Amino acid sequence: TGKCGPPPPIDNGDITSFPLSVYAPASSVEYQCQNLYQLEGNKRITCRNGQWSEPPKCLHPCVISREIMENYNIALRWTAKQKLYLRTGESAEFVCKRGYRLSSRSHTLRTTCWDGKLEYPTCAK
């Protein structure tokens, strides 16, 4: 019996159809994440008993921070082949600046961006 109101917005993501004021039971609408956002969960929500099915989250990309690399004495190995912004699941390959050795308890030299977070490595003289 229960119809659904309009579909809820989500961060960095849109519906692929124009919103209606009222949706019938079993109606579905479909979401789509912004370009560098990784669509996650169900791409379709469906109207089940007055309720909207839960909408996906859009996983954030990463920026590579010059601020940090400068601090942690690191540089990019393939500077030309290196994207400044990373989709989730895309990696970064660093290297120690000349005159520096890799830290001990540090993270590895290659690091995948996961939803906004990037684990950087550390270097010492």
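A residue's number is simply how far along the shown sequence it sits, counting from 1.
As stated in the PDB record, which stretch has the larger average Cα B-factor, 72-80 or 29-37?
-> Mean C-alpha B-factor is greater for 72-80.
Is the mean CA B factor in the deposited entry higher across 61-69 or across 93-101?
-> Higher mean C-alpha B-factor: 93-101.
In this PDB entry, which of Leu20, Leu109, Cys113, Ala24 has the top CA B-factor?
-> That would be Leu109, according to the entry.
Would the CA B-factor of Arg48 place it in the lowest, middle or highest third of its chain?
-> As the PDB entry reports it, the C-alpha B-factor of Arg48 lands in the highest third of its chain.
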